[PDB]
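Following: one structure in structure tokens, then a few remarks.
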There are 2 protein chains.
Amino acid sequence: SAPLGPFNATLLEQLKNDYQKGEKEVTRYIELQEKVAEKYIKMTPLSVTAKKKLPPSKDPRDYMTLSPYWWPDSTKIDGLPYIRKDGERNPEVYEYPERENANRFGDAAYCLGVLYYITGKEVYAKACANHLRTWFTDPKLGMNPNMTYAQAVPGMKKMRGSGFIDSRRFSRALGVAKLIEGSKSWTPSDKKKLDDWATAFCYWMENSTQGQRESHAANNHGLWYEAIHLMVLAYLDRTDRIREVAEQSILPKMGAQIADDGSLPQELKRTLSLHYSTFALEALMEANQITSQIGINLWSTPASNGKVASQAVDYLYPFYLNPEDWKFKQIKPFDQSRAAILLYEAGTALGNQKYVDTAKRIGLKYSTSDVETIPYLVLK
Amino acid sequence: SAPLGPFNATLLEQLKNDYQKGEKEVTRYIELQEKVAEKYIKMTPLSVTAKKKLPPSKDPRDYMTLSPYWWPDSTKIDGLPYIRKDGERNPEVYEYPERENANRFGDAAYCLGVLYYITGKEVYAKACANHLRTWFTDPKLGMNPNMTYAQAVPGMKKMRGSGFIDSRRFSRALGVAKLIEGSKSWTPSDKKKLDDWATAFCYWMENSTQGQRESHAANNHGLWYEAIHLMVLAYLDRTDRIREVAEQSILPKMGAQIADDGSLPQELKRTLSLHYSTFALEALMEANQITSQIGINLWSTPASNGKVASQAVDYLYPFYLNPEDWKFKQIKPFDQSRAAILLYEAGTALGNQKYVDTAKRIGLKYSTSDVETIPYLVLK
Ligand SMILES: O=C(O)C1=C[C@H](O)[C@H](O)[C@H](O[C@H]2[C@H](O)[C@H](O)[C@H](O[C@H]3[C@H](O)[C@H](O)[C@H](O)O[C@@H]3C(=O)O)O[C@@H]2C(=O)O)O1
Ligand SMILES: O=C(O)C1=C[C@H](O)[C@H](O)[C@H](O[C@H]2[C@H](O)[C@H](O)[C@H](O[C@H]3[C@H](O)[C@H](O)[C@H](O)O[C@@H]3C(=O)O)O[C@@H]2C(=O)O)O1
């Protein structure tokens, strides 16, 4: 049985079982994934300290990014304070190296850790561990366990927790570290350091004002906060807290954010409303991968008002079939393929075979290098 | 009379004459522009050599960018060859510093040169000259006079001239250097070096295979090629060639690109078809700013085939009133404010009061720091 973590454990256990039996289709698929993963064996580990412009703490180990929809105001001599254009990414975001480097690290650690679980090859644990040590626990290169300066905004006077949603890029890699435990390359000292980092990160996100505020956000930020929260708690093996989070935070959030007709009105007021409805359900999808490993199905368990997450999928399904029929603001085209994994996840959790069939009809490319698609041979 | 250059010379002369007469409205506007321009006096001059990853020539003085719509192919192990997603800008473009640095230099040099022309204050010529020297003529920091590696694409086997369109961000700055001739800071030796650079760049764009190809492009690339061409030719005082380019290349190109209803079919097949319809006419607008300084009006002069550029403005005008009425693919919102200067330019050249009225109704923000709007107090 697969360790508790941020992945479809059923699909991952099935892939490993078939790989070890020498099942030909799976063996070839994993051999393709190994050719994809070679670049991560070669990759120099990234660090949040690889920036020149320091955060207000003067600590290069503090994560800092620009909130993506905030732009300099041309009518101000210094451009300050920045103003918001919902749905229009300011290219200035690429001036903060950790926005993309956290994504590159997360991909590399996720791919390598999953390949170690499937194949048992030490080379993948050794390379996974190298990325994990440098990003997380190194006393010089490792990130401080906080998101204080995530999605900062020039000129903004108030503190926000909005940037915490950036954590999902590296909290998935934190969770996969559970998969390399027991390797030779991941020592007891490595585990204790990362256990301590994860405990300090969990403390920060539960007790800092920014973490508290993000825990109560009325939209997909609150849903993603608990997805991240569950990844951290599952890394730390706190299964009682996972039950408590789902019952006391995730379910009440669903019950409030799903309307009677199954729409998500907080996402409907965005300029990318079909993307943000989908993104809210992707948060529930990642939360569910974890809750369902301990017996809780987030797709069909009702809130106290009887609302269920499947209602939100039902509402969106015809627009996954035909995005052009979407009737709310969507100022960039919607990528239909983001529905494939989502409809598969929800479909199998609900026994809804129309959803699974559509997940496969949409599908994913067999040879794609997108690391989140590794477990989904079933869609390829 | 203002020196020949890439600006509305009528508006620039009017601003200078009013400023010298102490007219209050103009004097206040220019004092705002002087506050805006302060950042450029302090800003450290940029150079194309400020890059890490070198181009295939191994020369940091070669300009190099990535063609913006080309992306790694995730179904290939190394992502190669890149594939095209029209209208979707790959954020990898920001890994090539001269993409945005050419923009920043172009803004800095344009603003300072225009302010030296209006105010006569030497401090603007001194700073303008500092930017010009470093970007263009410096024997270590100045760019080589070519665009061989502009908008290169990883894995593409053929040479393209498509990246030449990048030149417009610095060819306007080249044009404005004429405005600081006669200042104390811009010496005869300075002018001589920039004359030689511009002569070599003109040779490259006219005789290189890439320049030849871009000069033959049947869409807005061909229009921008000649607008840049006219800027280089005007800087070099080749008024006889300006006339020849207008009559033998620009007007025939414009006439071949306009369909019977005034639409631009080459731009209509783009995913950003309202933007590229406008971008094609913006090339003609900047070309006309120069030709009309020697008596050639590109908006009203018919081509050989009876087509005239006013017909294309006429087709687009209702969609400038209501961009939501646009019936062709436009996968990002169209910025209506780009119609302001365009309709003013075309309206004034055509004596079309309806166009000028809408230009002022749409308007530009009085306090904006966008350097391209400096001559347009009339719209603010
Ligand atoms: O929705 C997301 O997951 C998301 C991801 C991006 O990285 C940003 O974090 C972005 O955050 C949004 C946030 O979700 C809200 O829509 C918020 O809206 C508020 C505005 O910022 C203004 O303050 C407005 O007056 O009120 C809004 C509100 O509270 O509804 O904006 C942020 C943002 O763009 O920073 O979305
Ligand atoms: O239109 C522009 O000014 C423009 C600016 C961008 O920076 C790019 O240079 C982009 O160039 C376009 C170009 O205008 C054409 O649309 C071209 O189309 C060709 C495609 O690249 C393929 O080769 C296709 O098979 O044929 C197309 C054709 O010839 O119409 O694409 C480039 C580009 O995106 O590289 O536009």
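The chains in the structure tokens are called A, B, ... from first to last as shown; in each chain the residues are counted from 1, and the ligands are counted from 1 in the order shown.
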Per residue of chain B within 6 Å of ligand 2, record the nearest atom pair and its distance in Å to one decimal, counting only C-alpha atoms and all ligand atoms, with rows in chain order and ascending residue number, as CSV.
residue,atom,partner,partner_atom_place_in_ligand_line,distance
B:67,CA,ligand 2,35 (O),5.8
B:68,CA,ligand 2,7 (O),5.7
B:69,CA,ligand 2,34 (O),5.2
B:86,CA,ligand 2,34 (O),5.8
B:162,CA,ligand 2,9 (O),5.0
B:163,CA,ligand 2,9 (O),5.7
B:220,CA,ligand 2,3 (O),5.6
B:221,CA,ligand 2,3 (O),5.2
message = Within 10 Å of chain B, which residues belong to chain A? Use only C-alpha atoms and report them as JSON, numbers by chain.
response = {"A": [32, 33, 35, 36, 37, 38, 39, 73, 74, 75, 76, 77, 78, 79, 88, 91, 92, 94, 95, 330, 331, 332, 333, 334, 365, 366, 367, 368, 369, 370]}
task = Please identify all polymer residues within 12 Å of residue 10 (chain A), counting only C-alpha atoms, omitting same-chain residues fewer than 2 positions from it, and present them as number ranges by chain.
result = A: 1-8, 12-17, 289-290, 292-293, 345, 348-349, 375-376, 378
Could you please take those selected residues and save N, CA, C and O atoms as a compact mmCIF listing (two decimals), in the first residue's frame?
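Printed below is again.txt as written:
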# COMPACT_ATOMS: atom_id res chain seq x y z
N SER A 1 0.81 -1.22 0.00
CA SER A 1 0.00 0.00 0.00
C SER A 1 0.85 1.28 0.00
O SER A 1 1.81 1.39 0.76
N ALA A 2 0.47 2.25 -0.84
CA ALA A 2 1.29 3.43 -1.05
C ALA A 2 1.23 4.34 0.17
O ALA A 2 0.18 4.48 0.79
N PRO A 3 2.35 4.99 0.53
CA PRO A 3 2.32 5.93 1.64
C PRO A 3 1.34 7.06 1.37
O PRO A 3 1.07 7.42 0.22
N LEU A 4 0.79 7.60 2.45
CA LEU A 4 -0.11 8.74 2.35
C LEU A 4 0.56 9.92 1.65
O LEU A 4 1.63 10.36 2.06
N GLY A 5 -0.06 10.42 0.57
CA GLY A 5 0.51 11.53 -0.16
C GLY A 5 -0.36 12.14 -1.24
O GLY A 5 -1.46 11.66 -1.54
N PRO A 6 0.14 13.20 -1.90
CA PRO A 6 -0.64 14.00 -2.88
C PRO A 6 -0.61 13.43 -4.29
O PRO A 6 0.09 13.90 -5.18
N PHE A 7 -1.41 12.39 -4.52
CA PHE A 7 -1.44 11.66 -5.78
C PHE A 7 -2.63 10.72 -5.70
O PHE A 7 -3.13 10.44 -4.61
N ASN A 8 -3.11 10.28 -6.86
CA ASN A 8 -4.08 9.19 -6.90
C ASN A 8 -3.37 7.90 -6.50
O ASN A 8 -2.67 7.28 -7.30
N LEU A 12 -1.45 4.95 -8.74
CA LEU A 12 -0.02 4.75 -8.51
C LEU A 12 0.30 3.31 -8.07
O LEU A 12 1.29 2.72 -8.52
N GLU A 13 -0.52 2.75 -7.17
CA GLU A 13 -0.34 1.36 -6.75
C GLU A 13 -0.54 0.41 -7.92
O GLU A 13 0.19 -0.59 -8.05
N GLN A 14 -1.53 0.70 -8.78
CA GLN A 14 -1.78 -0.15 -9.94
C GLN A 14 -0.61 -0.12 -10.90
O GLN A 14 -0.21 -1.16 -11.43
N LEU A 15 -0.04 1.07 -11.15
CA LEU A 15 1.11 1.17 -12.05
C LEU A 15 2.29 0.37 -11.52
O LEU A 15 2.96 -0.33 -12.29
N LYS A 16 2.57 0.48 -10.22
CA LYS A 16 3.68 -0.26 -9.63
C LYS A 16 3.44 -1.76 -9.70
O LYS A 16 4.36 -2.53 -10.01
N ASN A 17 2.22 -2.20 -9.41
CA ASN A 17 1.91 -3.62 -9.43
C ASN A 17 2.10 -4.19 -10.84
O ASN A 17 2.68 -5.27 -11.02
N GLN A 289 -7.79 13.47 -3.19
CA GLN A 289 -6.78 12.43 -3.33
C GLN A 289 -6.24 12.02 -1.97
O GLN A 289 -5.95 10.84 -1.74
N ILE A 290 -6.13 12.97 -1.06
CA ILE A 290 -5.63 12.68 0.26
C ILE A 290 -6.73 12.18 1.18
O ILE A 290 -6.57 11.13 1.81
N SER A 292 -9.41 10.73 0.47
CA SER A 292 -9.91 9.40 0.12
C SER A 292 -8.94 8.29 0.50
O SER A 292 -9.34 7.13 0.60
N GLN A 293 -7.67 8.60 0.74
CA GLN A 293 -6.78 7.56 1.25
C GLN A 293 -7.06 7.23 2.70
O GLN A 293 -6.55 6.21 3.18
N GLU A 345 -10.97 12.06 -12.11
CA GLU A 345 -10.98 12.03 -10.65
C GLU A 345 -12.40 12.04 -10.10
O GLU A 345 -12.78 11.17 -9.31
N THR A 348 -14.58 8.80 -11.29
CA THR A 348 -14.34 7.53 -10.60
C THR A 348 -14.81 7.60 -9.15
O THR A 348 -15.31 6.62 -8.62
N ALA A 349 -14.64 8.76 -8.50
CA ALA A 349 -15.11 8.89 -7.13
C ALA A 349 -16.62 8.80 -7.04
O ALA A 349 -17.14 8.42 -5.99
N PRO A 375 0.58 9.52 -13.34
CA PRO A 375 -0.27 8.38 -12.95
C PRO A 375 -1.37 8.05 -13.94
O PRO A 375 -1.94 6.96 -13.85
N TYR A 376 -1.67 8.92 -14.90
CA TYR A 376 -2.89 8.80 -15.72
C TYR A 376 -2.64 8.14 -17.07
O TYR A 376 -3.13 8.61 -18.08
N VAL A 378 -4.25 5.79 -17.80
CA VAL A 378 -5.63 5.44 -18.11
C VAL A 378 -6.27 6.46 -19.04
O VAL A 378 -7.20 6.14 -19.79
inquiry  = What does the structure give for the distance between CA of residue 251 (chain B) and CA of residue 303 (chain B), in Å to one decimal?
reply    =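 These two atoms are separated by 5.3 Å.
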key: Non-local contacts of residue 270 (chain B) (10 Å; only C-alpha atoms; under 3 positions in same chain excluded) as a PyMOL selection string   = chain B and resi 86-87+265-267+273-277+328-331
key: Option closest in space to ligand 1, from A:233, A:153, A:118, A:109 [counting only C-alpha atoms and all ligand atoms]   = A:153
key: Residue contacts of region 224-228 of chain A (10 Å, only C-alpha atoms) excluding same-chain residues fewer than 3 positions away, as a ChimeraX atom specification   = /A:6,161-162,164-172,175,202,205,211-212,214-217,219-221,231-234,242,245-246,249-250,253,279-291
Go ahead and write the residues just picked, C-alpha atoms, as a PDB file, in the first residue's frame.
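The file below, part-v6.pdb, is the result:
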ATOM      1  CA  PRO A   6      -0.643  14.000  -2.877  1.00  0.00           C
ATOM      2  CA  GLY A 161      -2.478  36.012   2.643  1.00  0.00           C
ATOM      3  CA  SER A 162      -3.337  35.768  -1.081  1.00  0.00           C
ATOM      4  CA  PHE A 164      -0.158  31.441   0.090  1.00  0.00           C
ATOM      5  CA  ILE A 165      -1.761  29.746  -2.922  1.00  0.00           C
ATOM      6  CA  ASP A 166       1.762  29.798  -4.445  1.00  0.00           C
ATOM      7  CA  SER A 167       2.656  27.053  -1.890  1.00  0.00           C
ATOM      8  CA  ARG A 168       0.871  24.323  -3.885  1.00  0.00           C
ATOM      9  CA  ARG A 169       3.853  24.373  -6.267  1.00  0.00           C
ATOM     10  CA  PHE A 170       6.216  22.997  -3.594  1.00  0.00           C
ATOM     11  CA  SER A 171       3.848  21.359  -1.102  1.00  0.00           C
ATOM     12  CA  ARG A 172       3.193  18.550  -3.617  1.00  0.00           C
ATOM     13  CA  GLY A 175       4.315  15.213   0.167  1.00  0.00           C
ATOM     14  CA  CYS A 202       2.406  23.931   9.313  1.00  0.00           C
ATOM     15  CA  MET A 205       0.153  28.535   7.926  1.00  0.00           C
ATOM     16  CA  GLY A 211      -2.385  31.931   7.062  1.00  0.00           C
ATOM     17  CA  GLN A 212      -5.478  32.528   9.196  1.00  0.00           C
ATOM     18  CA  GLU A 214      -6.242  32.694   3.768  1.00  0.00           C
ATOM     19  CA  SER A 215      -7.875  29.827   5.716  1.00  0.00           C
ATOM     20  CA  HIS A 216     -11.096  31.903   5.747  1.00  0.00           C
ATOM     21  CA  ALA A 217     -11.050  33.166   2.126  1.00  0.00           C
ATOM     22  CA  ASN A 219     -13.325  31.605  -2.856  1.00  0.00           C
ATOM     23  CA  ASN A 220     -10.907  29.039  -4.322  1.00  0.00           C
ATOM     24  CA  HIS A 221      -8.110  30.493  -2.106  1.00  0.00           C
ATOM     25  CA  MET A 231      -0.559  17.840   1.846  1.00  0.00           C
ATOM     26  CA  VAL A 232       1.493  19.184   4.791  1.00  0.00           C
ATOM     27  CA  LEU A 233      -0.573  17.219   7.355  1.00  0.00           C
ATOM     28  CA  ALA A 234      -0.346  14.015   5.306  1.00  0.00           C
ATOM     29  CA  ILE A 242      -6.984  15.564   8.062  1.00  0.00           C
ATOM     30  CA  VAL A 245      -9.872  19.759   8.377  1.00  0.00           C
ATOM     31  CA  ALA A 246     -12.262  18.043   5.952  1.00  0.00           C
ATOM     32  CA  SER A 249     -13.168  23.504   6.978  1.00  0.00           C
ATOM     33  CA  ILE A 250     -13.465  21.914   3.516  1.00  0.00           C
ATOM     34  CA  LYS A 253     -16.510  25.834   2.414  1.00  0.00           C
ATOM     35  CA  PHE A 279      -9.457  25.816 -10.463  1.00  0.00           C
ATOM     36  CA  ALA A 280     -11.741  25.700  -7.401  1.00  0.00           C
ATOM     37  CA  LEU A 281     -12.661  22.102  -8.268  1.00  0.00           C
ATOM     38  CA  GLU A 282      -9.004  21.228  -8.885  1.00  0.00           C
ATOM     39  CA  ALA A 283      -8.409  22.294  -5.266  1.00  0.00           C
ATOM     40  CA  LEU A 284     -11.147  19.896  -4.097  1.00  0.00           C
ATOM     41  CA  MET A 285      -9.677  17.219  -6.407  1.00  0.00           C
ATOM     42  CA  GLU A 286      -6.204  17.399  -4.791  1.00  0.00           C
ATOM     43  CA  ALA A 287      -7.751  17.558  -1.305  1.00  0.00           C
ATOM     44  CA  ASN A 288      -9.798  14.457  -2.168  1.00  0.00           C
ATOM     45  CA  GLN A 289      -6.778  12.428  -3.332  1.00  0.00           C
ATOM     46  CA  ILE A 290      -5.630  12.683   0.263  1.00  0.00           C
ATOM     47  CA  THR A 291      -8.927  12.453   2.168  1.00  0.00           C
TER      48      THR A 291
END
